[PDB]
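Working notes, structure below.
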Amino acid sequence: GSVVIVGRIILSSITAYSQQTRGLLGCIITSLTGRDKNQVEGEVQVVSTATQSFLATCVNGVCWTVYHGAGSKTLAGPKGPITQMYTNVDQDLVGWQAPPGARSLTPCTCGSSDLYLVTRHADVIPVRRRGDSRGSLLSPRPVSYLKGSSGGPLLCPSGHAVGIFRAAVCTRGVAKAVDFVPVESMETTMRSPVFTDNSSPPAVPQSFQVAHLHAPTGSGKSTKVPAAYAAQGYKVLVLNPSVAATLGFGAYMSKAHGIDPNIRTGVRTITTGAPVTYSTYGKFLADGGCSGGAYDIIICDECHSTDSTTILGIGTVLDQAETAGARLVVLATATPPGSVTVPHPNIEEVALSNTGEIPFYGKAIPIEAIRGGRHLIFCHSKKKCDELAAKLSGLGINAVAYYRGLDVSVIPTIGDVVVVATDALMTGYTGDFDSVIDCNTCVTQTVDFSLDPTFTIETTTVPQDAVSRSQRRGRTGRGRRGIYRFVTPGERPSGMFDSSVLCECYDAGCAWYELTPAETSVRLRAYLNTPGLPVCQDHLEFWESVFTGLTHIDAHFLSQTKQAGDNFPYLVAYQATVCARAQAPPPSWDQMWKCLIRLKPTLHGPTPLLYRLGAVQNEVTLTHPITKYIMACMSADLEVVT
Amino acid sequence: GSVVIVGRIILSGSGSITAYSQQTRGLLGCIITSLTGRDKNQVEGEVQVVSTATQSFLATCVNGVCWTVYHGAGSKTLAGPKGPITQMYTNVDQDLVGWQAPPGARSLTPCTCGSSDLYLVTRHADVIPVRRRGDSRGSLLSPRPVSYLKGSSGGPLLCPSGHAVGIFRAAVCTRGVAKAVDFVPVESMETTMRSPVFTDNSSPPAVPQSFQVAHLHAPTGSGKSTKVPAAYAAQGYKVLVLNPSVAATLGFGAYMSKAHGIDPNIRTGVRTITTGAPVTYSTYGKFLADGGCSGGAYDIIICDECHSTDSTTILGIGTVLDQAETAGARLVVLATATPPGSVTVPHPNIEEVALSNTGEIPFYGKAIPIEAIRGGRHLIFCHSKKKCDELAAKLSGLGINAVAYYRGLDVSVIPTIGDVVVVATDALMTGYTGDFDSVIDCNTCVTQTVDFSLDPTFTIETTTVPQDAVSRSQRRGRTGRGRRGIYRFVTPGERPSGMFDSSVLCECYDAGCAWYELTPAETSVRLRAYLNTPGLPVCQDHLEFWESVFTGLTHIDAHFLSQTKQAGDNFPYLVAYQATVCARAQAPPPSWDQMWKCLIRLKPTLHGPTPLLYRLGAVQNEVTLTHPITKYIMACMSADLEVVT
Ligand SMILES: [NH3+]Cc1ccc(F)c(Oc2ccccc2)c1F
Ligand SMILES: [NH3+]Cc1ccc(F)c(Oc2ccccc2)c1F
């Protein structure tokens, strides 16, 4: 779908009023066609996608809005879809060349500290400028009131544009300040070159530099380029999220490039003294990050990946590498932030219909599409994997399920098979397939700052983003012909991750890598501050405050949550620690809380709830001082997008 | 818009019950099929996945009828092969509607044997074991978040033979966890199949020999409040007429003496008159303040405008329904032009014209041409007072006679007589009885809804929502009275009529406590009579919950309560009660919004975090949760709460 103009805010002192120009049906047809004949007028547009409505503001002949609303989408235009002229994911800023008829605001330069924010309800809200990109509301309002207003102008009294609104700063759901993209960032973006070529490895610089390498899988980002560097006499570390891919690089390299590299993973280490080392991000973190003078070049491969080990690994590199004597860090991915899935030569893409013997996510799979050959079917949950595999096996098709917890040996690796897998496949198994069939959805975790009493981690099923779609499809068509079948043609924008992932980073720092919350913060700050990487709201101080209060955890409970391998071993174990010590029961008797089972007869009373990691069946008390501490942590400034 | 079928849930034909789904329409397809109401896709399976523009849920064909829930479908038609299919059954009280299924469509059939082992089919195609625990209730073997059940209303509960026990309508929840489920029994459906499709309630009922409650559905202007009590009086009966509005009540009284030659008793705050006549006109509030039905005083009680879901009306009607028989009445008449399930249809005196973007006057994203409102007497409905003020300000600026009216202002600021554009909120309909050359409708309304948010307790949220069919009809009814009228609108709206939020129940306990000296127990008896009486607006049954809350709210400060009563804002009891706990802890109110004005004089001595009882608006101050009343209300949140799915 395209972004589509559905109304405008007419500006006049400053006053405004709105016009709606399209209803639902109009919006939807126009999004699918990309063809908008409606005459555009004014400098502020009300825009919508399928899921969301926000604002857009024309300045210097460019219609600007936020990446978090528009992603990389085209804008429906008089002659068809308009592709973005500017995309700056770090600044949360995108722009399309303004269509004919649209007026621009003029940048504000004299620079008043009295500002006026124009919202989607056509209210004009006074704001006191506090920085380059920040202003305080004279009257604090519920954030709910500012939602849908992303992309709207902050104006000085003369009606010139200071910037566009991107986020609210909140104390317990009440917005006290606003963050905006300043016009100077728009000017810097306009002056940058549209096409910057990152497809080729950079030469080693004289002094330290961080570079980006955007190149497809099979381009030898992880083999040919490290070989070339070693041949120039450098020492090179290559980090990858997958154990299977890390181990695989070693056999390929001693064969294809005459180097027997060091290999470091949790399951297996090999030290040959060679000048190339392959390691997982997790093992790299276990080994204590950069060792002084060990490496000249560090390649962080699959740097689009937003699991917490990778982010924490990369932040460690970015924080430590210069000081450890490295001259070059290379951030490598085939799918950088803001990338979109485009046709691939090796891969025929065919929509699933309703005809076929096998139900699948509301559509169907013909038995003939998978009867012989080697096929991969991506499902969102292990439950779906188990059931679809059982169904296929019942029909005599050789089928197997793979997901977190199973050994990859369930394979086969040779011969006819249908593999039914979650995304755990990506990191567990490196092979390719004749076809990939994709449900186009993913399970994710999102934090809800629900104040009941503290926060909640919610597990939801969502539409896949463009990284997911590209990585799942990329399991077919590798140096041979392939087919990608799909349920849905969409893809969410890439390059963004939820605050829950930050929480997971602190959790893993504490649970696995012996990192203080303060140390985790230094490493994440380096990640956040480095451009060209996936982006997130800055909740570092908040999450640091939370974990900082979680002292004297019970080692035994932690070992058991770590061992059982579920998602926030430290939060889980810590809640179990305070339950045991308070001599009180867990929030429920779900599997999550099994580490308390032997104390179940001597439990009793309401649970001293710290936070919500699932359904809470038992009664709760809010009297525990850790609860009160975490409650106090909720008063921190929290960036929230509008 | 019609409801449209967008998929289906296919059940296993033998062995264990299992299921899977098939999606038959995307978004665009759904939206288009909604507009035309024309759906050529044939209807396989017995469980359909249905959608409106706003939501999706299920519908289960049993015995040639495609059944679903009123809270999902309202009174809407179902997109069909020859165009929209009108509902054949609409039972608001059971939350059950039915459309005749297209010929050839597959249909489940009823549970002949009678198992206590049940299986609920969800929109996800899961089959969830349920233990039957009554005629319309069953326990979940494995408790689940209620979020997992949403979108599943209208789906079947099956017995082991795959035969239908009933359709899912609501979950019973403890702090967001569903432990049980409510369904419409297949027996409630088989009645409706066998019974008459049409009812006529257009004539006033004959006085029966023994107590009965009857409905009168007839237009404004058929004399529901004048002609019919007069006709009853003419047959020797004593009649009490209840109405929500003082102005309407006084207006009827006066008309009766001038037209039908009776000088009736009149009972209102501003004017009370006893003549000994056999007709009496009262507001519901005065009737409540009088202490309800007095023994032997009336044969007939007309509860007029019985579609109203303000708390005074609900509590008033509930009192009549609980007391009237024992007080000797023979007949209660529940009277409205717009009963639950009603829909706006064309009116002959009224030309209805959509606003466009053409016009000098911005109006809710559209525009009003000046020429439409310069010549004559005109009524513009706005959702809020701010907007009424900003629009009047603009209109006078452009040289028009424009006045604003909303709660807090005095009527008669409206010329009589003169020649005018009045810009008003819904308060107009109870403050002023006149009609107009045209009505201009924003088609939206301010409403309050309760969120059981556990942060720490509940929240009453003020929102702006699309209007319902009662609102549309009532706003449109202010033109085309006896003559030609013009109705201009922003949207062709109508959410479904006859449902009210749990916050209104809260308001009834609040009003019992604040105005009418009703203990929560006593309020519950009256409310129970209203909910148990069919054909009235309906709500989820949270009576025990709300009773429990108010029962603990004792020793309020009488001074603060008298100030919130007088100021006329919503929830005077809960506002005064929060202020009471603040003042006694020397703590500030949650904010310094006007809601908290009773505490302004004390601001210099108020310090620290507010002991927060509940959320009635934005909370700006820091909060503490240690107050014993906070804890008591927290404990009330463990109650079983009906929540629609
Ligand atoms: N300030 C950094 C930043 C940059 C770009 C974004 F789109 C963005 O917005 C989101 C929103 C939700 C999740 C992740 C990122 C953001 F915060
Ligand atoms: N059990 C009584 C009842 C009857 C009909 C309904 F539509 C209904 O559903 C709602 C839903 C939201 C608000 C009010 C009523 C309901 F509860």
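Chains as they are written, first to last, in the deposited numbering: chain B, 705 to 716, 720, 3 to 631; chain A, 705 to 720, 3 to 631. Don't be surprised by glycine CBs; every beta carbon is placed ideally from N, CA and C.
Per DSSP, what kind of secondary structure is residue i in: helix, strand or coil?
i	result
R512/A	helix
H201/A	strand
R570/A	helix
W582/A	helix
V29/B	coil
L144/B	strand
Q9/A	strand
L598/B	coil
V710/A	strand
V605/A	coil
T76/A	strand
Which two residues bound the contiguous beta strand (DSSP E) that contains residue i?
i	result
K165/A	163-171
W53/B	51-54
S328/B	Segment: none, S328/B is in no beta strand (DSSP E) and carries neither H nor E.
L126/A	123-131
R257/B	Counting along the chain, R257/B falls outside any beta strand (DSSP E), and DSSP gives it neither H nor E.
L82/B	82-86
In angstroms, rounded to a whole number, what distance separates the CA positions of residue i and residue j?
i	j	result
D441/A	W501/A	29 Å
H333/B	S101/B	51 Å
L381/A	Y618/A	51 Å
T10/B	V339/A	17 Å
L64/A	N49/A	17 Å
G237/A	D423/A	21 Å
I354/B	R253/B	41 Å
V389/B	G463/B	20 Å
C16/B	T38/B	8 Å
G383/B	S370/B	20 Å
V193/B	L317/B	6 Å
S243/A	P182/A	41 Å
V227/A	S439/B	48 Å
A233/A	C52/B	54 Å
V456/A	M485/B	45 Å
Cβ closer than 9 Å: which chain A residues qualify as neighbours of residue i?
i	result
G594/B	Near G594/B there are no residues of chain A at all, since even the closest Cβ is about 14 Å away, more than 9 Å.
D25/B	Neighbours of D25/B on chain A: none; closest Cβ ~16 Å, over 9 Å.
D375/B	Ordered by position in chain A, no residue passes the 9 Å Cβ test against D375/B, which lies about 14 Å from the chain.
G711/B	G351
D441/B	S439, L440, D441, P442
Residue i touches chain A at which residues, Cβ-Cβ below 7 Å?
i	result
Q580/B	Near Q580/B there are no residues of chain A at all, since even the closest Cβ is about 13 Å away, more than 7 Å.
With residue i as the anchor, note down where its alpha helix (DSSP H) starts and where it stops.
i	result
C97/A	Taken as a continuous stretch (DSSP letters only), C97/A belongs to no alpha helix (DSSP H), as it is neither H nor E.
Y134/A	First-last for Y134/A: undefined, no H or E at that position.
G237/A	232-244
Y218/A	213-219
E533/B	529-537
Which residues in chain B sit within 8 Å of residue i, going by Cβ to Cβ distance?
i	result
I17/A	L13, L14, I17
In chain B, what lies closer than 7 Å to residue i by C-beta?
i	result
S534/A	The contacting residues do not exist; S534/A stays about 16 Å from chain B at best.
Could you tell me which chain B residues have their CB closer than 9 Å to the CB of residue i, listed as they occur along the chain?
i	result
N556/A	Here the premise fails: no neighbours, minimum Cβ distance about 18 Å.
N343/A	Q8, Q9, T10
- Along the chain, which unbroken stretches of the beta strand (DSSP E) at least 3 residues long are found entirely within the region 404-428 of chain B? Correct list: 406-410, 424-427.
- What are the uninterrupted segments assigned as alpha helix (DSSP H) that are 4 or more residues long and contained completely in the region 367-401 of chain B, given in chain order? Unbroken alpha helix (DSSP H) runs of no fewer than 4 residues, entirely contained in the region 367-401 of chain B, are found at 371-383, following chain order.
- Where are the alpha helix (DSSP H) runs, 4 residues long or more, that stay fully inside the region 270-338 of chain B, in chain order? DSSP runs (the alpha helix (DSSP H)) wholly in the region 270-338 of chain B: 270-275, 297-309.
- Task: Mind listing, in chain order, the continuous beta strand (DSSP E) runs of no fewer than 3 residues lying wholly within the region 424-493 of chain B?
- Result: The region 424-493 of chain B contains these whole beta strand (DSSP E) runs: 424-427, 430-437, 445-452, 471-475.
- Item | Those residues, in chain order, that have a beta-carbon closer than 5 Å to some heavy atom of ligand 3 | Only ligand 1 and ligand 2 can be found as ligands here, which leaves ligand 3 out of the picture.
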